[PDB]
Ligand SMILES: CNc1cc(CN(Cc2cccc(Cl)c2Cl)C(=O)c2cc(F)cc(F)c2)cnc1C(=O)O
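Form solved without the ligand, single chain, as structure tokens, below.
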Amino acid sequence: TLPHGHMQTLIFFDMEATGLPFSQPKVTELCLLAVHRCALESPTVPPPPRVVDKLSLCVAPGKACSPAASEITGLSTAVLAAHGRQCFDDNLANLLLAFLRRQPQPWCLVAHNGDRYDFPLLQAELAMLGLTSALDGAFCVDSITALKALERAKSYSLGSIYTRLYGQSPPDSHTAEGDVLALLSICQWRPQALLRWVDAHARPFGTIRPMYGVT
């Protein structure tokens, strides 16, 4: 029930990309929202905690976005270039590690459908740089799996869960930060039971196999 102790910081996480996994997609946006478990040790949509750390970045993917990805995210490779965005590089990896290092350990990334998309994509971008070590101290959980267990104790898409719990659609379904903020709200529904589940299911990020690139 505590394979790795209590997770100290939950890092709510979302990335947007150029396409689906089969397409060897590249990140176009990412957001990390770090919340100490203290803020979760304790209807209508709750306010976020006062004390949080937030990082939201756009990324030049180096290839075209699919039309569908651009409709969903409002991003395109040309638009990212017009704003001088840089590719996923060593500096970005160092930035992610430095942000994680502001937080008390153990770190647990939390992402909706993260096992199938966000986590293997992040692993793949790091693997292409030879920098999977940037994330090797972290743990991770997929909140689809979590919310299924909490509601059991229907669709489990993020918007489905949000409207089921709060009776309104999430705002800002087109940025990575908006997805992370909606995920936070759903995780605040039954926060103590969520923390028990996270503690029991936290998985070392080093066991996430990359979507593509060296394993």
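Numbers follow the displayed sequence, beginning with 1.
Below, we refer to the form solved in complex with the ligand, which is not included among the displayed structures.
Visitor: Using the spot the ligand takes in the deposited complex, and overlaying the site C-alphas onto this chain, is the pocket open or blocked (blocked: 3 or more ligand atoms within 2.4 Å of backbone or C-beta atoms)?
Guide: Judged by the transferred pose of the ligand in the deposited complex, this form is open (no ligand atom within 2.4 Å of backbone or C-beta).
Visitor: Work out which of 77, 105, 145, 73 lies within 4.5 Å of the ligand in the deposited complex, going by heavy atoms.
Guide: It is 73.
Visitor: Taking 4.5 Å between heavy atoms as the contact cutoff, choose which of 38, 68, 51, 64 touches the ligand in the deposited complex.
Guide: Only one listed residue qualifies here, and that residue is 68.
Visitor: Would you say all of 124, 130 and 210 touch the ligand in the deposited complex, counting a heavy atom within 4.5 Å as a touch?
Guide: No, the whole trio is out of contact, none within 4.5 Å by any heavy atom.
Visitor: Heavy atom to heavy atom, is residue 117 within 4.5 Å of the ligand in the deposited complex?
Guide: Yes - in the deposited complex, heavy atoms of residue 117 and the ligand come within 4.5 Å of each other.
Visitor: Would residue 194 count as a contact of the ligand in the deposited complex, using a 4.5 angstroms cut-off between non-hydrogen atoms?
Guide: Flag for residue 194 set to no.
Visitor: Please check if residue 202 has a heavy atom lying within 4.5 Å of any heavy atom of the ligand in the deposited complex.
Guide: The answer is no: residue 202 has no heavy atom within 4.5 Å of the ligand.
Visitor: Using heavy atoms and a 4.5 Å limit, would one call residue 206 a contact residue for the ligand in the deposited complex?
Guide: Answer no; every heavy atom of residue 206 is more than 4.5 Å from the ligand in the deposited complex.
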